[PDB]
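Please read the structure below before turning to the comments.
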Amino acid sequence: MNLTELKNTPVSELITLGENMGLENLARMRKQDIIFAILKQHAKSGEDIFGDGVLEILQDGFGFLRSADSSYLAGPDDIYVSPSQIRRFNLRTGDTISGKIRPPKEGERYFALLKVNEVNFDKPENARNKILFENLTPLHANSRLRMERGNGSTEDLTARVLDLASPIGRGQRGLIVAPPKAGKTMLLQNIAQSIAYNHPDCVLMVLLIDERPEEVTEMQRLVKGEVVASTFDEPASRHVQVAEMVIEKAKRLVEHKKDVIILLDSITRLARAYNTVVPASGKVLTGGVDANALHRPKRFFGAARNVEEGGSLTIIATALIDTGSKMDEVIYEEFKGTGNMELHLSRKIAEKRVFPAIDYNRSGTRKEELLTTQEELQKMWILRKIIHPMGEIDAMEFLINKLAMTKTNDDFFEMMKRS
Amino acid sequence: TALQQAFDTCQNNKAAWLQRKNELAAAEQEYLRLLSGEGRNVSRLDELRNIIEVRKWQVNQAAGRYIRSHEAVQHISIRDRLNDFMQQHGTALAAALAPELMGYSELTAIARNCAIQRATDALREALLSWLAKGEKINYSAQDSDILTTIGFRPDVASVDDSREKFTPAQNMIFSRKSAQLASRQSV
Ligand SMILES: Nc1ncnc2c1ncn2[C@@H]1O[C@H](COP(=O)(O)OP(=O)(O)OP(O)(O)=S)[C@@H](O)[C@H]1O
Ligand SMILES: [Mg+2]
C-alpha cells in the first residue's frame, strides 16, 4: 500500500480502492486524510511496505516527515522521526529517506517509521561520513548550460534569444527583473523544459509562492521535473517554511555532488513573507521593512555557488518591478549586485507584443571569459556592438527576423558574419 | 520500397482530410441550425464558434499535410523513373553531353558548376522543343496505377483551403485549444 501509487493516482482511484475493501464513505475527507485512512485500514491486514519522504526537525527534538507531491504541507500523511534515529543515522533536515514504515499504533495519530533503507537515494551506512556545507568553497560558473533545441518554434526562438543575450552556466547566481505581463510564465517554462530536455542527468525543481491556482496547476502538468508550490491562499508562515525546507533539501542534495537548478518566484514575495512572519527588530527602514527581515532572503539567495569537488547549485530568480508598492524597489535595491548576472525586461517592448521582451543592452554577465570560449565570446561582443547603436525594440525585431529562418544559432553565426 | 508506403501515407492523409471536412461541415450546419432556431443560448453559440474555428484550423492542417505528402509521392516517383531511365540510357545521354562533360572528376568546383548549368539549359531547351512537338505524355507502365490514383495534381479543395497562413504562435495556441477541446468533448 505504498503511498507513491496511492498519491500519484487521482482521488477517484483512491475512493474506488477504498470502497473495494470497505471503508466508510470516502467522498467527505481530504486527500491527506483519505490516504492516511486507506493506508491505515489496508496496513491493518498484516503486511508492511517501504516509505519515502523528506524529514524536518521542529523546535522539539522530535521530527516529522513530509511528501513532495503534498506541496510540503503538514498533515496525517506525516511520518514520525524519533530523535533516536537522528543519533543512530546522523539524520538532518532535507534528506530524502526511504525505508520500512510502521502503521500508527494506539495513542499516536500520524504514521511511524521503522527502519531506514535509502538515505539520499543511497545506502545509509556509507552516508554516515559526509562533508557538510560550512567547509565548502565556491567556484565560478564554468560548465555552460544548454537551453537550445534547434527545432525552430517560438519557444525555441525565445530559448535562442535568452541563450545569446547572456550565458547561463552551472552553479551561477542570476536574477530576472521583469514587471508584470512581461511573459515571466512562458519564459520560466522555456528554461524549465529546455534544461529538462537538455540535461536529464541533473534533477529539476521549481518552487512557487503566492501564484494563482490555475498557474500552479498548469505547472504540474507541463514540467517533467517535480514542482513544489504554495499559493497565496495559505498564510505567509506556510510560504516561508516551504521555502526554507526546499532550499535546505536542495543544499543537502547538492552536497552529494549532484547538480541542482532552481527557478525562484519571487524574491520580493519571499522578502515580504519573511517580513510579515519575522518579529520586528525595532529598526524599520522605508517601506515598512526592518533590517532582519531581508537577512534571511539574503542567505537564501546567496546559497548559489559551484562546488569544487563536485556538483553545482544554480539559482535563477525573478523580481517584481515597478508594481506601485514602495517595498518592491526596496528589495530591488537591496538585492542588486549580489548575483552573478541579471536579465532585464521592459513594458514598451511587450506593448507591441514583441516576445520575448528581454532587454539585451541592460542584460549582462560577470566573468564571461571563464564560462565560455574566447571565440564564441567574441562572436557575442560583435552582436553587442551591433545592438548598441539602434534602439532595444528595433534590435528585437531585427534579431527575431534574422534568427527565425536559421535553424540554430551556430549556423546563424556564419550566416551573419558574411554580412 | 518507399513507393508503397508513400502511397498509403498519401491515401490515409486524404481520408483523414475528408473526415476533417465532413466534421467541419456538420459543425457548420449545426451552428446555422441553432442560429436559425428560436433558442437564444449565447453559450452554445460561442462554443459552436470555437468548434468552427478549431475544425477549420484542423482542415487547413490536414490539407497542408496532404499536399506535402502528395508532393513527396510525386518527387519519389520522379526520382525512381529518372533513376531507371538513366540506368537504361546513360550511354545515350552521355554521347550527346560529351562536349561539356569530359573530365568531370578532375574539374574544379566552379568548372563543374558551369558545365552543370550548360547541360542544364541545354536539356531545358530540349524539353521545350519536345513540348513544342506536342505529343500527349503517358504514365510509366511500372507505376501506372499509383500515379493514376494519386493524379497529376491534388484536389482543388486541398489547395484553396490552404490559402490562409498561420503564424507559429497561432498554430501552437490552436494546437492547445484543439487538444483541450477534444479532451472535453470525449468526456
Ligand atoms: N513566446 C511566446 N509565445 C507565445 N505567446 C507569448 C510568448 N511570450 C509571451 N506571450 C503572450 O504574452 C501574454 C502575457 O504573458 P504572461 O505570462 O501572462 O505575462 P507574465 O509576465 O507571466 O505576467 P502575468 O502572468 O500576466 S502577472 C500571453 O497572452 C502570452 O500568450
Ligand atoms: Mg505570469
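Mind ordering A:14-23, A:150-159 by average Cβ neighbours within 10 Å, highest first?
A:150-159, A:14-23
With charges only on Cβ, +1 for K and R and -1 for D and E, what is the dipole size of chain B about its Cα centre, in debye, rounded to 20?
In debye, rounded to 20, chain B gives about 640.
For a quick check: with amide H placed at 1.01 Å from N, whose amide H comes under 5 Å from residue A:312's, ignoring anything fewer than 5 positions away on the same chain?
Under 5 Å from the amide H of residue A:312: A:258, A:259, A:260, A:307.
Could you rank the peptides B:10-21, A:397-408, B:86-97 by their average count of other C-beta atoms within 10 Å per residue, with the highest value first?
Ranked by mean Cβ neighbours within 10 Å, highest first: B:10-21, A:397-408, B:86-97.
Helix-only mean residue ellipticity at 222 nm, chain B, DSSP H runs n ≥ 4 weighted -39,500 (n - 2.57), per residue, nearest 500. What is it?
Counting only the DSSP helices, I get -28000 deg cm²/dmol.
Taking the Cα centre as origin and putting +1 on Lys and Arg beta-carbons and -1 on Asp and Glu beta-carbons, what dipole magnitude results for the protein assembly as shown, to the nearest 20 debye?
Charge dipole of the protein assembly as shown: 640 debye, to the nearest 20.
Can you compute 3J(HN,Hα) from phi for each residue in the stretch A:33-43, using the Karplus curve 6.51 cos²θ - 1.76 cosθ + 1.60 with θ = phi - 60°, rounded to whole Hz and x for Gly and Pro?
Running phi through 6.51 cos²θ - 1.76 cosθ + 1.60 with θ = phi - 60° gives 4, 5, 5, 4, 4, 4, 5, 5, 5, 6, 8 Hz.
Using the Cα gyration tensor of the stretch A:313-419, with a ≥ b ≥ c the square roots of its eigenvalues, what is the shape: rounded (a/c below 1.5), prolate (a/b larger than b/c) or oblate (neither)?
Verdict is oblate for the stretch A:313-419.
Return the distance in nm (one decimal) between the two label points of a simple spin-label model at residue A:130 and residue A:291, each offset 7 Å from Cα along Cα→Cβ.
3.5
Rounded to the nearest 10 degrees, what's the angle between the helix B:2-36 long axis and the longest principal axis of chain B, both from Cα atoms, 0 to 90?
That helix lies at roughly 30 degrees to the long axis.
Suppose we look only past 44 Å in the calculated P(r) of the protein assembly as shown. What percent of the Cα-Cα pairs does that tail hold?
43
Looking at the stretch A:19-95, which chymotrypsin sites (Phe, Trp or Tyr not before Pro) are in a loop (DSSP not H, G, I, E or B) and have at most 14 other Cβ atoms within 10 Å?
Answer by residue number: A:50, A:62.
Using Cβ counts within 10 Å as a stand-in for footprinting exposure, how do A:11, A:177, A:278 rank, fewest first?
If I rank by nearby Cβ atoms, fewest first, I get A:11, A:278, A:177.
For chain B, with the dipole built from +1 on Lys and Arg beta-carbon atoms and -1 on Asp and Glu ones, taken about the Cα centre, which of B:166, B:156, B:137 lies farthest toward the positive end?
Going by the Cα projections, it comes out as B:166.
Restricting to DSSP loop positions (anything but H, G, I, E, B) with no more than 15 other Cβ atoms inside 10 Å of their own Cβ, which GluC sites (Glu not before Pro) remain in the stretch A:249-354?
Hits after loop and neighbour filter: A:308, A:309.
If you only keep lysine pairs separated by 8 or more in sequence, or across chains, how many in chain B come under 25 Å at the Cα atoms?
Value for chain B: 9.
Along its principal axes, what span do the Cα atoms of the stretch A:213-298 show, with the longest given first and each in whole Å?
45, 35, 18
On average, how many beta carbons from a partner chain sit within 10 Å of the beta carbon of a residue in A:149-155?
Per residue, the number of nearby Cβ atoms from other chains is 2 on average.
On C-alpha positions alone, give me the angle between the axis of helix A:184-198 and the longest principal axis of chain A, in degrees, nearest 10.
Computed tilt is about 80 degrees.
Within the stretch A:279-318, list the trypsin sites (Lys or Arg not before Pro) lying in a DSSP loop whose Cβ has at most 10 other Cβ atoms in a 10 Å radius.
Passing both the DSSP loop test and the Cβ count: A:283.
When 1/r is averaged over all different Cα pairs and the result inverted, which Kirkwood radius in Å belongs to chain B?
The answer is 21.2 Å.
Just order A:321-328, B:177-184, A:200-207 by mean Cβ neighbour count inside 10 Å, highest at the front, would you?
Answer by packing, highest mean first, reads A:200-207, A:321-328, B:177-184.
Greater than 20 Å separation of Cα atoms is the criterion. Which listed pairs, A:336/A:385; A:224/A:258; A:130/A:249, meet it?
A:336/A:385
Quick one: Karplus J couplings for the stretch A:173-183, per residue in order, coefficients 6.51, -1.76, 1.60, θ = phi - 60°, nearest Hz, x for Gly and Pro?
Taking θ as phi minus 60°, the curve returns 9, x, 10, 10, 8, 7, x, x, 6, 9, x Hz for the stretch A:173-183.
Within a 10 angstrom radius of the beta carbon, how do B:116, B:67, A:261 rank from fewest other beta carbons to most?
In order of increasing Cβ crowding within 10 Å: B:116, B:67, A:261.
So what is the diffusion coefficient of the stretch A:129-417 in µm² per second by Stokes-Einstein at 20 °C and 1.002 mPa s, using a Kirkwood Rh over Cα pairs?
Rounded, D is 108 µm²/s.
List, in order, the whole-Hz ³J(HN,Hα) value for each residue of the stretch A:286-299 obtained from phi through the Karplus relation with A = 6.51, B = -1.76, C = 1.60 and θ = phi - 60°; use x for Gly and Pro.
With the stated coefficients, the stretch A:286-299 comes to 4, x, x, 10, 9, 5, 6, 5, 7, 6, 4, x, 4, 6 Hz.
Using amide H atoms built 1.01 Å from N in the peptide plane, name the residues 5+ places from residue A:102, or on other chains, whose amide H lies under 5 Å from its own.
Amide H neighbours of residue A:102: A:112, A:113, A:114.
With point charges of +1 on the Cβ of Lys and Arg and -1 on the Cβ of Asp and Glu, referenced to the Cα centre of the stretch A:1-61, which listed residue (A:2, A:59, A:15) lies farthest in the positive direction of the dipole?
A:15
Averaged over B:168-176, how many beta carbons belonging to a partner chain fall within 10 Å of each residue's beta carbon?
Average neighbour count from other chains, rounded to a whole number: 2.
Specify the angular offset, from 0 to 90 degrees and rounded to the nearest 10, of the alpha carbon long axis of helix A:267-277 from the longest principal axis of the alpha carbons in chain A.
That works out to roughly 40 degrees.
Fewest first, what order do A:56, B:38, A:244 take by the number of other Cβ atoms within 10 Å?
Ascending number of Cβ neighbours within 10 Å: B:38, A:244, A:56.
No lab work stands behind these numbers, since they all come straight from the coordinates. Virtual Cβ from ideal backbone geometry, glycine too; neighbours counted across all protein chains shown.
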